[PDB]
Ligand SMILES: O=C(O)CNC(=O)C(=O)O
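Just one chain is shown here, as structure tokens, and it is the form solved without N-oxalylglycine (OGA).
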């Protein structure tokens, strides 16, 4: 199977694969590895995928369970990844954005690294979690920025400071050079590494009917560059 790089920082297309439960572990590995490298990966023409068969496919990768965000970061062990398929699409608009939060850390100036490495944030939805702003990716070892719309404030700074620094970091993360905007066709499937991305839907299709189907994979508790784990202030962990 084949992997086409869609831009220099994020995104790839994968060809030669019919997604579903029957996949050869060597293929499944190539996909996993493509996902970890490119952060978000696309398959086209998967018209045969239905609800049951998406789930089944998801199951080979891990364990099934508007504004820029990482999914369910108001919880401690937020998802590692999702598989999203187009079901019915609008006649125009409806594209989706992803940003690479590992590339975004790696390109911080040294002073902003020192800042983010030591910075922690309260995320909320009731769910309240203090997470580090820089996590060590458990599979890749890359440090990734952890922020997005669930953030309420930063631990130890005031309102005004929190909001300003939040915007500084979000502007780097969402800089067009670090993002991919996907135009959805029928039979499109997307898979993203939620431990190294943010995403955002675009509401540019007037009130048109749109329906996607998503399967989400269970993820772990972030740890910072010192090994300290996120802290539950409020709410339960996610469970299967």
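Residue numbers count along the first chain shown, from 1.
Below, we refer to the form solved in complex with N-oxalylglycine (OGA), which is not included among the displayed structures.
- In the modelled overlay, N-oxalylglycine (OGA) taken from its pose in the entry with it bound makes no contact closer than 2.4 Å with any backbone or C-beta atom of this form, which marks the pocket as open.
- Checking 201, 60, 27, 36 against N-oxalylglycine (OGA) in the entry with it bound, a heavy atom within 4.5 Å turns up for just one residue: 201.
- Proximity to N-oxalylglycine (OGA) in the entry with it bound, defined as a heavy atom within 4.5 Å, singles out one entry of 172, 32, 44, 210, which is 210.
- Contact check for 118, 154 and 165: none of the three has a heavy atom within 4.5 Å of N-oxalylglycine (OGA) in the entry with it bound.
- Annotated contact segment (heavy atom within 4.5 Å of N-oxalylglycine (OGA) in the entry with it bound): 69-77, selected among 130-138, 155-163, 69-77, 105-113.
- Using a 4.5 angstroms limit between non-hydrogen atoms, residue 84 touches N-oxalylglycine (OGA) in the entry with it bound.
- Residue contact with N-oxalylglycine (OGA) in the entry with it bound: residue 124 places no heavy atom within 4.5 Å of it.
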